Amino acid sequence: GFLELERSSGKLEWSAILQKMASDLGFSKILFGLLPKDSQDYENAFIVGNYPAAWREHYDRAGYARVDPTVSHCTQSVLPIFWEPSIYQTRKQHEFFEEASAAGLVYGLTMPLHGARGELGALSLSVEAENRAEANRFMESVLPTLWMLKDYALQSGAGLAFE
């Protein structure tokens, strides 16, 4: 569980519980983003978490949903995409990487979310590490737990967002 996320009422308590679950697991920053069936309106997604506010604003401002390589990945797969240097291919994606890094978001992964009612989302989690090798060792050590977490977060958060 999942216990607290269900007993919670309102976005504020739900966000605090999810953030703490991630933090306890070893991830300092998280974003839970969700769209309803047949929506591509990323700039109006249901968004939860503790990403820096200025970064979230810039992301929307710059239209980074069209650039961020994890977005297109999420439309095609249920498997995680790790924030590996190989995913940033274009010059725009290089800038995206640099800008996200400035915001403190360099190491992490994005778990695509695909709900029972056609919801489309992502749970992104970032880790503080001394290098990418350290980050990857940590992420591998907690991956099975994260994999369960993302589905619990999806089932709970879909109803909060749209119902």
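Quick note: we count residues from 1 along the sequence shown, nothing fancier. For the two forms, the rigid core is made up of the largest set of C-alpha atoms that agree within 1.5 Å on superposition.
Visitor: Name the stretch that deviates more in 9 other deposited structures of this protein: 33 to 41, or 113 to 121? Use RMS CA distance to the shown form, core superposed.
Guide: Per-stretch check in 9 other deposited structures of this protein: the more divergent one is 33 to 41.
Visitor: Comparing C-alpha positions in 9 other deposited structures of this protein against this form, with the rigid core used for the fit, which stretch differs more, 6 to 14 or 149 to 157?
Guide: Once the core is superposed, the stretch further away in 9 other deposited structures of this protein is 6 to 14.
Visitor: Using the B-factors recorded in the PDB entry, average over the C-alpha atoms of 40 to 48 and of 121 to 129, then report which stretch comes out higher.
Guide: Per the PDB entry, the higher value belongs to 40 to 48.
Visitor: If you take the mean CA temperature factor per stretch, which one wins between 111 to 119 and 92 to 100?
Guide: According to the PDB entry, the answer is 92 to 100.
Visitor: Comparing recorded Cα B-factors across 54, 62, 31, 34, which one is largest?
Guide: Highest CA B-factor of the listed options: 62.
Visitor: Using the temperature factors of the C-alpha atoms in this entry, rank residue 16 within its chain: lowest, middle or highest third.
Guide: Its C-alpha B-factor belongs to the middle third of this chain's values.
Visitor: Sort the modelled residues of this chain by their C-alpha B factor and say whether residue 154 lands in the lowest, middle or highest third.
Guide: Lowest third, going by the recorded CA B-factors of the chain.
Visitor: Lowest, middle or highest third of the chain for the C-alpha temperature factor of residue 148?
Guide: For residue 148, the deposited C-alpha B-factor lands in the lowest third.
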